[PDB]
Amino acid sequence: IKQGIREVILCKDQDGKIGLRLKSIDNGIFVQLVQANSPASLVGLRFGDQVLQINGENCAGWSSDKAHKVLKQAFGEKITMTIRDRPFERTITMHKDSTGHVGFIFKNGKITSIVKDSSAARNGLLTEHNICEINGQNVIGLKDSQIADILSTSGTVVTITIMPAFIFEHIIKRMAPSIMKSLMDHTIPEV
């Protein structure tokens, strides 16, 4: 999680699309969905990023509908956004034990227990936290089995980005786990 604000400049694609769904949370505006192969993924927008401004207008107090409307009426050539990096999330670095375990159980992406004497215990991994990202890869909406696969295939050093479950549940409200699995960008970013 970067320690502050950044400018991103977007162009609408062929189809007039940027590849975002935004959600009003606590009078801010947050990234709910980043579509694979979109302008939003190419410029590096992430699930949970806060949108401070759009074209130098403050988003504070906007409905999810008004943010979507402002974006639909922007001269798509150049759209500026001021972004605060994933403010609800934290990153935890863990090390697999020789059995390949970091040391937790999770269900529907939510950590439910920490195994005694594990890297997860030593590193203060918390329960009631949704997994947002593993080693920089968005995993939101993947089956638990695909998440376990990713942790299997990772090197010994595992980075996990988590979010308090109450906040996670507030953001993904009104995005059933088809688009979440289907259309949430799960790729490694392009260079």
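So that there is no doubt, residue numbering starts at 1 and follows the sequence shown.
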- Stretch exceeding the other in mean C-alpha B-factor - 82 to 90, 98 to 106: 98 to 106
- What stretch has the higher average Cα B-factor here, 20 to 28 or 175 to 183? 175 to 183
- Which one of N123, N138, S63, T156 shows the top CA temperature factor in the record? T156
- Message: How does the C-alpha B factor of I167 compare with the rest of the chain: lowest, middle or highest third?
- Response: lowest
- Place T161 in the lowest, middle or highest third of its chain's C-alpha B-factors, as listed in the PDB entry. lowest
- Rank-wise, by C-alpha B-factor, drop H129 into the lowest, middle or highest third of its chain. lowest
- Message: Test of reading the entry: by CA B factor among the chain's modelled residues, which third contains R46?
- Response: lowest
- Taking the C-alpha B-factors as the PDB entry records them, is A148 in the lowest, middle or highest third of its chain? highest
